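Listing of coords21.cif; format and content: mmCIF, C-alpha atoms.
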data_coords
loop_
_atom_site.label_atom_id
_atom_site.label_comp_id
_atom_site.auth_asym_id
_atom_site.auth_seq_id
_atom_site.Cartn_x
_atom_site.Cartn_y
_atom_site.Cartn_z
CA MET A 1 66.79 106.74 110.10
CA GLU A 2 65.89 104.94 106.80
CA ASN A 3 68.09 106.73 104.16
CA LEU A 4 70.95 107.02 106.73
CA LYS A 5 70.65 103.23 107.34
CA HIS A 6 70.93 102.67 103.54
CA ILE A 7 74.33 104.55 103.68
CA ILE A 8 75.39 102.28 106.61
CA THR A 9 74.25 99.08 104.77
CA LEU A 10 76.00 100.15 101.50
CA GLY A 11 79.11 100.99 103.55
CA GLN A 12 79.58 97.60 105.28
CA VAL A 13 78.74 95.74 102.01
CA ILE A 14 81.20 98.04 100.09
CA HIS A 15 84.07 97.31 102.47
CA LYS A 16 83.22 93.58 102.35
CA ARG A 17 83.09 93.11 98.52
CA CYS A 18 86.04 95.57 98.03
CA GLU A 19 88.33 93.04 99.83
CA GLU A 20 88.32 90.80 96.66
CA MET A 21 90.70 93.31 94.91
CA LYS A 22 94.16 91.59 94.97
CA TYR A 23 95.19 94.36 92.53
CA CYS A 24 94.59 97.99 93.63
CA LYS A 25 95.42 96.99 97.26
CA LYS A 26 96.11 100.50 98.66
CA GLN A 27 92.96 101.97 96.95
CA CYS A 28 91.00 98.99 98.44
CA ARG A 29 92.52 99.85 101.86
CA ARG A 30 91.87 103.60 101.33
CA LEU A 31 88.22 102.98 100.32
CA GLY A 32 87.98 100.72 103.42
CA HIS A 33 89.71 103.40 105.59
CA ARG A 34 87.23 106.11 104.56
CA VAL A 35 84.04 103.95 104.56
CA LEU A 36 84.70 102.51 108.07
CA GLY A 37 85.63 105.98 109.47
CA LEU A 38 82.30 107.22 107.96
CA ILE A 39 79.81 104.46 108.93
CA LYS A 40 81.02 103.49 112.50
CA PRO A 41 80.37 107.02 114.15
CA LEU A 42 76.91 107.43 112.50
CA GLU A 43 76.12 103.79 113.60
CA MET A 44 77.00 104.61 117.26
CA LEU A 45 74.81 107.76 116.96
CA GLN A 46 71.97 105.65 115.44
CA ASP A 47 72.58 103.13 118.30
CA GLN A 48 72.35 105.66 121.20
CA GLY A 49 69.34 107.23 119.40
CA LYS A 50 69.42 109.63 116.40
CA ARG A 51 66.66 112.31 116.81
CA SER A 52 63.80 112.09 114.23
CA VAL A 53 64.07 115.64 112.82
CA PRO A 54 65.97 115.86 109.43
CA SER A 55 66.40 119.49 108.24
CA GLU A 56 66.78 120.33 104.46
CA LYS A 57 70.59 120.10 105.06
CA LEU A 58 70.33 116.66 106.82
CA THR A 59 67.98 115.15 104.19
CA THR A 60 70.23 116.29 101.28
CA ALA A 61 73.39 115.31 103.28
CA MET A 62 72.20 111.70 103.84
CA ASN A 63 70.93 111.50 100.18
CA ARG A 64 74.29 112.80 98.78
CA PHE A 65 76.17 110.30 100.99
CA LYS A 66 73.83 107.39 100.05
CA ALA A 67 74.19 108.22 96.32
CA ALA A 68 78.03 108.50 96.64
CA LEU A 69 78.17 105.08 98.38
CA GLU A 70 75.75 103.69 95.64
CA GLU A 71 78.40 104.76 93.07
CA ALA A 72 81.24 103.09 95.11
CA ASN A 73 79.13 99.88 95.41
CA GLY A 74 78.58 99.77 91.61
CA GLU A 75 82.30 100.44 90.92
CA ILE A 76 83.71 97.52 93.06
CA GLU A 77 80.89 95.26 91.71
CA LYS A 78 82.18 96.22 88.19
CA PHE A 79 85.85 95.86 89.41
CA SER A 80 85.06 92.21 90.36
CA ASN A 81 87.45 91.47 87.45
CA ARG A 82 90.98 92.91 88.17
CA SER A 83 91.82 92.25 84.48
CA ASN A 84 88.87 94.65 83.69
CA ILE A 85 90.44 97.23 86.08
CA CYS A 86 93.70 97.03 84.03
CA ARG A 87 91.67 97.29 80.76
CA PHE A 88 90.24 100.73 81.78
CA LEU A 89 93.44 101.61 83.80
CA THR A 90 95.84 101.56 80.80
CA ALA A 91 93.51 104.21 79.21
CA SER A 92 92.55 106.02 82.50
CA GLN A 93 94.29 109.46 82.50
CA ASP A 94 93.65 109.76 86.28
CA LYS A 95 95.58 107.31 88.52
CA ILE A 96 92.51 106.79 90.77
CA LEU A 97 89.73 104.19 90.09
CA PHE A 98 87.16 105.95 92.30
CA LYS A 99 88.39 109.50 91.34
CA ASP A 100 84.88 110.98 90.78
CA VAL A 101 82.94 108.63 93.14
CA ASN A 102 85.24 108.80 96.18
CA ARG A 103 85.63 112.58 95.58
CA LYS A 104 81.81 112.68 96.35
CA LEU A 105 82.56 110.63 99.57
CA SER A 106 85.22 113.30 100.44
CA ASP A 107 82.94 116.30 99.73
CA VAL A 108 79.74 115.01 101.40
CA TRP A 109 81.79 113.89 104.49
CA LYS A 110 83.58 117.29 104.92
CA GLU A 111 80.17 119.07 104.50
CA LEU A 112 78.50 116.51 106.86
CA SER A 113 81.08 117.02 109.62
CA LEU A 114 80.56 120.84 109.22
CA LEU A 115 76.67 120.93 109.47
CA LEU A 116 76.87 118.35 112.31
CA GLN A 117 79.43 120.31 114.45
CA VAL A 118 77.64 123.67 113.77
CA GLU A 119 73.83 123.07 114.13
CA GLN A 120 73.67 119.50 115.56
CA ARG A 121 76.69 120.66 117.73
CA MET A 122 77.94 117.09 117.12
CA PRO A 123 81.79 117.13 116.50
CA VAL A 124 81.99 113.82 114.54
CA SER A 125 85.49 113.56 113.07
CA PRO A 126 87.41 110.39 114.35
CA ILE A 127 89.96 110.95 111.53
CA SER A 128 90.72 114.62 110.57
CA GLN A 129 87.85 116.47 108.81
CA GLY A 130 87.61 114.92 105.29
CA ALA A 131 88.97 117.83 103.14
CA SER A 132 92.65 116.58 103.34
CA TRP A 133 91.35 113.40 101.58
CA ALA A 134 92.20 115.14 98.23
CA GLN A 135 95.92 114.61 99.15
CA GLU A 136 95.10 111.05 100.36
CA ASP A 137 93.69 109.83 96.98
CA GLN A 138 96.38 111.85 95.12
CA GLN A 139 99.52 110.26 96.70
CA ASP A 140 98.09 106.82 97.65
CA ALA A 141 96.39 106.04 94.26
CA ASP A 142 99.47 107.50 92.44
CA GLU A 143 101.58 104.85 94.27
CA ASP A 144 98.94 102.08 93.91
CA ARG A 145 98.12 102.58 90.17
CA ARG A 146 101.90 102.55 89.62
CA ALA A 147 101.95 99.45 91.91
CA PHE A 148 99.26 97.86 89.65
CA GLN A 149 101.23 98.29 86.41
CA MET A 150 104.76 97.91 87.93
CA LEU A 151 103.75 95.01 90.30
CA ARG A 152 107.04 93.06 90.40
CA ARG A 153 107.39 93.71 94.20
CA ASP A 154 105.05 90.84 95.30
CA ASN A 155 106.65 88.55 92.63
CA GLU A 156 109.47 86.67 94.49
#
Can you give me the file's structure in the form of structure tokens?
Amino acid sequence: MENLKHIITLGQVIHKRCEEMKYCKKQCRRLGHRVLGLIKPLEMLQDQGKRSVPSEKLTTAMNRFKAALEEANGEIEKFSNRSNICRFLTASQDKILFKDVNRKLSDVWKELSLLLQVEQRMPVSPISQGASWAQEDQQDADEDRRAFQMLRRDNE
């Protein structure tokens, strides 16, 4: 459907433009990991034929997801300068670029996968669930923000 297709479009574009980040590699890979694991299932469901009957839950679910991906799109478009990333990073108390934004991706996905497997009966989770993603961003962006500032590893 329309709003769902906007999530899919945002997703593929997000992954694509995110791959310009030579700094914040693991957060670029983690954003890519999530986004691809999100869009591909719902694409294959849209492909086989997604039933035209969006409940209050399904409307809000696709709107929350779209909006979350709209945030992610705006962030990488703003992170088109890696020097700009470092400018906010050296002041950023959290060690995650997409802390807020990608937290929305985590929440709306876990809630999606729930309402899907319960009422739609559709057990879409080619990854885990989406709740454990709090630990994912924690450890991986801890390492990668540290790997931004202390990047001597990829220097001979």
Counting all atoms listed in the file, the residue of A:22, A:15, A:50, A:145 that sits nearest residue 34 in chain A: A:15
Distance query residue 68 in chain A at most 12 Å, only C-alpha atoms, self and fewer than 6 positions along chain excluded, as a ChimeraX atom specification: /A:6-7,10-11,14,35,60-62,74-75,98-109
List, as an mmCIF file with C-alpha atoms, in the coordinates of the input, every residue that the PyMOL selection byres ((chain A and resi 2) around 12) selects in the file provided.
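Output contents, as saved in selection.cif:
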data_model
loop_
_atom_site.group_PDB
_atom_site.id
_atom_site.type_symbol
_atom_site.label_atom_id
_atom_site.label_comp_id
_atom_site.auth_asym_id
_atom_site.auth_seq_id
_atom_site.Cartn_x
_atom_site.Cartn_y
_atom_site.Cartn_z
ATOM 1 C CA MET A 1 66.790 106.740 110.100
ATOM 2 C CA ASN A 3 68.090 106.730 104.160
ATOM 3 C CA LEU A 4 70.950 107.020 106.730
ATOM 4 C CA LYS A 5 70.650 103.230 107.340
ATOM 5 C CA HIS A 6 70.930 102.670 103.540
ATOM 6 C CA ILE A 7 74.330 104.550 103.680
ATOM 7 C CA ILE A 8 75.390 102.280 106.610
ATOM 8 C CA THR A 9 74.250 99.080 104.770
ATOM 9 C CA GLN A 46 71.970 105.650 115.440
ATOM 10 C CA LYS A 50 69.420 109.630 116.400
ATOM 11 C CA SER A 52 63.800 112.090 114.230
ATOM 12 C CA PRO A 54 65.970 115.860 109.430
ATOM 13 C CA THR A 59 67.980 115.150 104.190
ATOM 14 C CA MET A 62 72.200 111.700 103.840
ATOM 15 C CA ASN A 63 70.930 111.500 100.180
ATOM 16 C CA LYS A 66 73.830 107.390 100.050
#
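When the PyMOL selection byres ((chain A and resi 78) around 12) is evaluated against the file, it yields residues 17, 18, 20, 21, 71, 72, 73, 74, 75, 76, 77, 79, 80, 81, 82, 83, 84, 85, 88, 97 and 98 of chain A.
Take CA of residue 155 in chain A and CA of residue 136 in chain A: the distance between them is 26.4 Å.
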Pairwise distance for CA of residue 130 in chain A and CA of residue 33 in chain A, rounded to one decimal in Å: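 Separation between CA of residue 130 in chain A and CA of residue 33 in chain A: 11.7 Å.
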Separation of CA of residue 26 in chain A from CA of residue 140 in chain A, in Å and rounded to one decimal: 6.7 Å
Around all the atoms of range 36-51 of chain A listed in the file, draw an axis-aligned box and extend it by 6 Å on each of the six sides; I want its centre and edge lengths in Å to one decimal, as JSON.
{"center_x": 76.1, "center_y": 107.4, "center_z": 114.6, "size_x": 31.0, "size_y": 21.8, "size_z": 25.2}
Test item: which residues lie within 10 Å of (72.8, 117.4, 111.6) counting all atoms listed in the file, as a PyMOL selection string: chain A and resi 50-51+53-59+61-62+112-122
Selected residues written out, C-alpha atoms, as a PDB file, in the frame of the given file:
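Resulting contents of part.pdb:
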ATOM      1  CA  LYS A  50      69.420 109.630 116.400  1.00  0.00           C
ATOM      2  CA  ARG A  51      66.660 112.310 116.810  1.00  0.00           C
ATOM      3  CA  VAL A  53      64.070 115.640 112.820  1.00  0.00           C
ATOM      4  CA  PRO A  54      65.970 115.860 109.430  1.00  0.00           C
ATOM      5  CA  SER A  55      66.400 119.490 108.240  1.00  0.00           C
ATOM      6  CA  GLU A  56      66.780 120.330 104.460  1.00  0.00           C
ATOM      7  CA  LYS A  57      70.590 120.100 105.060  1.00  0.00           C
ATOM      8  CA  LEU A  58      70.330 116.660 106.820  1.00  0.00           C
ATOM      9  CA  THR A  59      67.980 115.150 104.190  1.00  0.00           C
ATOM     10  CA  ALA A  61      73.390 115.310 103.280  1.00  0.00           C
ATOM     11  CA  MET A  62      72.200 111.700 103.840  1.00  0.00           C
ATOM     12  CA  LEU A 112      78.500 116.510 106.860  1.00  0.00           C
ATOM     13  CA  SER A 113      81.080 117.020 109.620  1.00  0.00           C
ATOM     14  CA  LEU A 114      80.560 120.840 109.220  1.00  0.00           C
ATOM     15  CA  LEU A 115      76.670 120.930 109.470  1.00  0.00           C
ATOM     16  CA  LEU A 116      76.870 118.350 112.310  1.00  0.00           C
ATOM     17  CA  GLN A 117      79.430 120.310 114.450  1.00  0.00           C
ATOM     18  CA  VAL A 118      77.640 123.670 113.770  1.00  0.00           C
ATOM     19  CA  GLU A 119      73.830 123.070 114.130  1.00  0.00           C
ATOM     20  CA  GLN A 120      73.670 119.500 115.560  1.00  0.00           C
ATOM     21  CA  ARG A 121      76.690 120.660 117.730  1.00  0.00           C
ATOM     22  CA  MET A 122      77.940 117.090 117.120  1.00  0.00           C
TER      23      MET A 122
END
Counting all atoms listed in the file, the residue of A:156, A:111, A:47, A:94 that sits nearest residue 139 in chain A: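 Nearest candidate to residue 139 in chain A out of A:156, A:111, A:47, A:94: A:94.
Restricting the calculation to only C-alpha atoms, the smallest distance between residue 127 in chain A and any of A:36, A:151, A:49, A:92 is found for A:36.
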